[PDB]
Each structure stands twice: as C-alpha cells, then as structure tokens.
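Text of the file my_file-v7.cif, holding mmCIF, C-alpha atoms:
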data_entry
#
loop_
_atom_site.label_atom_id
_atom_site.label_comp_id
_atom_site.auth_asym_id
_atom_site.auth_seq_id
_atom_site.Cartn_x
_atom_site.Cartn_y
_atom_site.Cartn_z
CA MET A 1 -88.95 37.70 -4.08
CA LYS A 2 -85.49 36.40 -5.02
CA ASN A 3 -83.38 33.61 -3.52
CA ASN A 4 -80.07 34.96 -4.90
CA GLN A 5 -77.51 36.72 -2.70
CA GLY A 6 -76.69 39.15 -5.52
CA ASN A 7 -73.57 41.30 -5.91
CA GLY A 8 -73.82 42.41 -2.27
CA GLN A 9 -70.49 43.79 -1.04
CA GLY A 10 -68.80 42.72 -4.28
CA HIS A 11 -65.05 42.32 -4.87
CA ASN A 12 -63.01 43.59 -1.92
CA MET A 13 -59.84 42.91 0.08
CA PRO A 14 -60.12 40.38 3.03
CA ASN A 15 -60.40 41.59 6.63
CA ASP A 16 -58.04 40.84 9.53
CA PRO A 17 -59.85 39.00 12.44
CA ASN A 18 -56.48 38.46 14.16
CA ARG A 19 -55.98 42.23 14.41
CA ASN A 20 -57.42 43.73 17.61
CA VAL A 21 -59.19 47.09 17.91
CA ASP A 22 -56.78 49.26 19.90
CA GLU A 23 -57.82 52.54 18.23
CA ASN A 24 -59.87 53.53 21.29
CA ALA A 25 -56.90 52.86 23.57
CA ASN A 26 -54.60 54.75 21.20
CA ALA A 27 -56.87 57.81 21.33
CA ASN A 28 -56.56 57.91 25.13
CA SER A 29 -52.76 57.80 24.84
CA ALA A 30 -52.78 60.14 21.79
CA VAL A 31 -52.83 63.16 24.14
CA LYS A 32 -50.03 64.49 26.36
CA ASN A 33 -49.72 67.49 28.68
CA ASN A 34 -47.67 68.99 31.53
CA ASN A 35 -44.52 67.66 29.82
CA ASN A 36 -41.15 69.42 30.07
CA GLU A 37 -39.49 67.13 27.49
CA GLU A 38 -37.17 69.03 25.14
CA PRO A 39 -37.57 68.68 21.29
CA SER A 40 -35.77 65.75 19.66
CA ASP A 41 -32.72 66.16 17.43
CA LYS A 42 -34.63 64.42 14.65
CA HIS A 43 -37.40 67.04 15.01
CA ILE A 44 -34.89 69.88 15.28
CA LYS A 45 -32.73 68.71 12.34
CA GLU A 46 -35.81 68.16 10.13
CA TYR A 47 -36.85 71.73 10.91
CA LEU A 48 -33.65 73.00 9.32
CA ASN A 49 -34.75 71.28 6.10
CA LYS A 50 -38.41 72.17 6.68
CA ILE A 51 -37.71 75.91 6.76
CA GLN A 52 -34.75 75.53 4.39
CA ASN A 53 -37.06 76.18 1.44
CA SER A 54 -38.40 79.37 3.09
CA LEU A 55 -35.27 80.28 5.07
CA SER A 56 -34.89 84.01 5.74
CA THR A 57 -33.60 86.52 8.30
CA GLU A 58 -36.00 86.64 11.26
CA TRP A 59 -36.00 86.21 15.05
CA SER A 60 -38.37 83.39 16.02
CA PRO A 61 -39.66 82.47 19.57
CA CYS A 62 -37.66 80.08 21.77
CA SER A 63 -40.40 77.44 21.30
CA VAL A 64 -39.33 75.60 24.47
CA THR A 65 -40.93 74.94 27.88
CA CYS A 66 -37.83 74.18 29.98
CA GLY A 67 -34.93 73.58 27.57
CA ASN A 68 -32.42 75.86 25.87
CA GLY A 69 -34.40 77.18 22.92
CA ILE A 70 -32.56 77.60 19.62
CA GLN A 71 -33.51 79.23 16.33
CA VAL A 72 -31.44 78.93 13.14
CA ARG A 73 -31.87 81.40 10.28
CA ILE A 74 -29.82 83.01 7.50
CA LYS A 75 -27.23 85.44 8.89
CA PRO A 76 -28.23 89.14 8.20
CA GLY A 77 -24.76 89.70 6.74
CA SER A 78 -25.31 86.94 4.17
CA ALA A 79 -28.98 87.92 3.64
CA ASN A 80 -28.04 89.92 0.52
CA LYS A 81 -26.26 86.84 -0.88
CA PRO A 82 -28.39 84.10 -2.65
CA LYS A 83 -29.90 81.62 -0.18
CA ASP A 84 -29.08 78.64 -2.40
CA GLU A 85 -25.34 79.09 -1.75
CA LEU A 86 -25.94 79.47 2.02
CA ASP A 87 -25.59 76.37 4.20
CA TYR A 88 -25.95 75.46 7.88
CA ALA A 89 -22.17 75.23 8.32
CA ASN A 90 -21.48 78.09 5.87
CA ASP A 91 -23.68 81.15 6.66
CA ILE A 92 -26.65 80.11 8.87
CA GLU A 93 -26.80 82.19 12.04
CA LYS A 94 -28.43 80.80 15.19
CA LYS A 95 -29.02 81.86 18.81
CA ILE A 96 -29.84 80.33 22.22
CA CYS A 97 -32.58 81.34 24.66
CA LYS A 98 -33.98 79.62 27.77
CA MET A 99 -37.67 79.74 28.75
CA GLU A 100 -38.34 82.29 31.48
CA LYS A 101 -41.47 80.43 32.63
CA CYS A 102 -39.33 77.39 33.51
CA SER A 103 -39.48 78.34 37.22
CA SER A 104 -41.32 75.07 38.05
CA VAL A 105 -43.87 77.09 40.05
CA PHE A 106 -46.88 76.89 37.70
CA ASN A 107 -47.97 73.92 35.58
CA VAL A 108 -48.03 74.43 31.81
CA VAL A 109 -50.36 72.06 29.95
CA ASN A 110 -49.24 71.06 26.45
CA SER A 111 -52.69 69.88 25.29
CA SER A 112 -52.81 72.83 22.87
CA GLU A 113 -49.53 71.54 21.42
CA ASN A 114 -50.83 67.94 21.16
CA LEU A 115 -52.01 68.60 17.59
CA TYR A 116 -48.33 68.72 16.58
CA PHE A 117 -47.69 65.29 18.12
CA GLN A 118 -50.66 63.76 16.29
CA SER A 119 -50.79 63.58 12.48
CA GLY A 120 -54.54 64.38 12.57
CA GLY A 121 -55.34 60.64 12.48
CA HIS A 122 -54.18 57.14 13.41
CA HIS A 123 -53.01 54.04 11.53
CA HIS A 124 -54.07 50.50 12.49
CA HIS A 125 -51.56 47.75 13.31
CA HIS A 126 -51.09 44.84 10.89
CA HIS A 127 -49.34 41.66 12.08
#

What would you get if you wrote out this structure as structure tokens?
Amino acid sequence: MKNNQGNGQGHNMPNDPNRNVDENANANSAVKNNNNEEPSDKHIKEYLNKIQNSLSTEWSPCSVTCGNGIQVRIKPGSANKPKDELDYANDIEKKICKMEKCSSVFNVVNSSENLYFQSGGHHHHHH
C-alpha cells in the first residue's frame, strides 16, 4: 500500500496531441492496381546507379505494362574491359521493347507490384 506514483513511464519525449491519426487512411491509399502509369525518370535514373555496382552484360525483361520498356547494361563488346572505366555515355548498351499485353483487352492488377511502391512501412506526419 503506497501513495507514491513511482517511476512509472519514466523519462521520455513528449507526445503530439495536435497530430491526427491518418495511418489507417494511409493504409487504404497505400495500395494501387490496374495502373498503366509508366516508371518515373527519377526511378529509372536511380536504377542506373542501383545496378551500377553490379552492372553486367545481360538481357532483362521490359518491366513495363503499357510503356516503351528499356534496359541498360554494359555493352558485350566492352564486357572484357573493366566496368569501372565504363559509363552510361561511354559504353553502356541499352534497348527498347514495348509490352505485348498492352492490348487494353484484359485488366492487369498491379497489387503484386504494390510492395515496390511501399517501403514496408509508413511514417507519421509532424506539423
């Protein structure tokens, strides 16, 4: 039988009552499908750097639903040469390919591709 509050929660950062809980709403909008939107330049240009570290000669899928697909990889001719000296404007070889299933006759859900859009979580909004 004690009348003292005690340590309880203890030292901690203050909460934000002003901030509203829109996480539930965000989850509903955190999923997209049946979209024919082409990949962004930011996404495409970052890919060059993303695979830059592991750049090699290989033919990759178009990776598009209704836009001119493009894959950029080291040119086979320059494959023998060190990759470090190879650059996008110097020896990188690329090709174009359009999606065959872009006949606009059958819907193609992109729910399976949603994971890419989401970072596997969500961040709250402050102020």

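In this comparison, which uses all atoms listed in the file, the residue of A:71, A:60, A:65, A:3 approaching residue A:48 most closely is A:71.
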
Each side padded by 4 Å, which centre and which edge lengths in Å (one decimal) define the axis-aligned box around the listed atoms of stretch 78-96 of chain A? Give them as lines of an AutoDock Vina configuration file.
center_x = -25.7
center_y = 82.6
center_z = 9.8
size_x = 16.4
size_y = 22.7
size_z = 32.9

TODO: Kindly extract all protein, DNA and RNA residues lying within 10 Å of the coordinates (-27.5, 89.0, 9.0) given in the file, considering only C-alpha atoms, and supply them as number ranges by chain.
DONE: A: 56-58, 73-80, 91-93

Task: Of the listed residues A:113, A:17, A:122, A:2, that which approaches residue A:35 most closely, counting only C-alpha atoms - done: A:113

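Across the model, the gap from atom CA of residue A:67 to atom CA of residue A:99 is 6.8 Å.
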
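In terms of minimum interatomic distance to residue A:45, A:72 ranks closest within A:30, A:72, A:125, A:13, counting only C-alpha atoms.
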
- [ ] Would you mind listing what lies within 12 Å of residue A:20 as a PyMOL selection string, with only C-alpha atoms counted and same-chain residues fewer than 3 positions away left out?
- [x] chain A and resi 15-17+23-26+124-127

For stretch 112-124 of chain A, where the input has fewer atoms than it should, I would like N, CA, C and O atoms rebuilt and written as an mmCIF file, keeping the file's coordinate frame.
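Saved result, result29.cif, follows:
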data_model
loop_
_atom_site.group_PDB
_atom_site.id
_atom_site.type_symbol
_atom_site.label_atom_id
_atom_site.label_comp_id
_atom_site.auth_asym_id
_atom_site.auth_seq_id
_atom_site.Cartn_x
_atom_site.Cartn_y
_atom_site.Cartn_z
ATOM 1 N N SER A 112 -52.678 71.982 24.058
ATOM 2 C CA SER A 112 -52.810 72.830 22.870
ATOM 3 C C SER A 112 -51.744 72.506 21.825
ATOM 4 O O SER A 112 -51.930 72.760 20.635
ATOM 5 N N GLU A 113 -50.644 71.934 22.291
ATOM 6 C CA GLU A 113 -49.530 71.540 21.420
ATOM 7 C C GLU A 113 -49.625 70.070 20.993
ATOM 8 O O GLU A 113 -48.779 69.593 20.235
ATOM 9 N N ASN A 114 -50.648 69.354 21.487
ATOM 10 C CA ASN A 114 -50.830 67.940 21.160
ATOM 11 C C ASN A 114 -51.007 67.747 19.657
ATOM 12 O O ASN A 114 -50.487 66.787 19.082
ATOM 13 N N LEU A 115 -51.751 68.661 19.031
ATOM 14 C CA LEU A 115 -52.010 68.600 17.590
ATOM 15 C C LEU A 115 -50.733 68.331 16.793
ATOM 16 O O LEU A 115 -50.762 67.622 15.784
ATOM 17 N N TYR A 116 -49.618 68.902 17.255
ATOM 18 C CA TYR A 116 -48.330 68.720 16.580
ATOM 19 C C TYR A 116 -47.864 67.270 16.683
ATOM 20 O O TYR A 116 -47.304 66.717 15.733
ATOM 21 N N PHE A 117 -48.090 66.676 17.851
ATOM 22 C CA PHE A 117 -47.690 65.290 18.120
ATOM 23 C C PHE A 117 -48.484 64.320 17.254
ATOM 24 O O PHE A 117 -47.940 63.331 16.757
ATOM 25 N N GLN A 118 -49.775 64.611 17.088
ATOM 26 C CA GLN A 118 -50.660 63.760 16.290
ATOM 27 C C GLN A 118 -50.676 64.228 14.837
ATOM 28 O O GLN A 118 -50.617 65.429 14.562
ATOM 29 N N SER A 119 -50.760 63.268 13.915
ATOM 30 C CA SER A 119 -50.790 63.580 12.480
ATOM 31 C C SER A 119 -52.224 63.814 11.989
ATOM 32 O O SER A 119 -52.496 63.711 10.789
ATOM 33 N N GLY A 120 -53.135 64.131 12.919
ATOM 34 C CA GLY A 120 -54.540 64.380 12.570
ATOM 35 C C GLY A 120 -55.272 63.075 12.237
ATOM 36 O O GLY A 120 -56.297 63.096 11.550
ATOM 37 N N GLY A 121 -54.741 61.949 12.726
ATOM 38 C CA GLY A 121 -55.340 60.640 12.480
ATOM 39 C C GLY A 121 -54.530 59.540 13.143
ATOM 40 O O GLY A 121 -53.606 59.821 13.912
ATOM 41 N N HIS A 122 -54.878 58.288 12.840
ATOM 42 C CA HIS A 122 -54.180 57.140 13.410
ATOM 43 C C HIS A 122 -54.208 55.961 12.440
ATOM 44 O O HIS A 122 -55.199 55.755 11.734
ATOM 45 N N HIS A 123 -53.115 55.197 12.417
ATOM 46 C CA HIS A 123 -53.010 54.040 11.530
ATOM 47 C C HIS A 123 -53.104 52.745 12.338
ATOM 48 O O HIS A 123 -52.491 52.619 13.401
ATOM 49 N N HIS A 124 -53.881 51.793 11.820
ATOM 50 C CA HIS A 124 -54.070 50.500 12.490
ATOM 51 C C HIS A 124 -52.781 49.678 12.437
ATOM 52 O O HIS A 124 -51.863 49.993 11.676
#
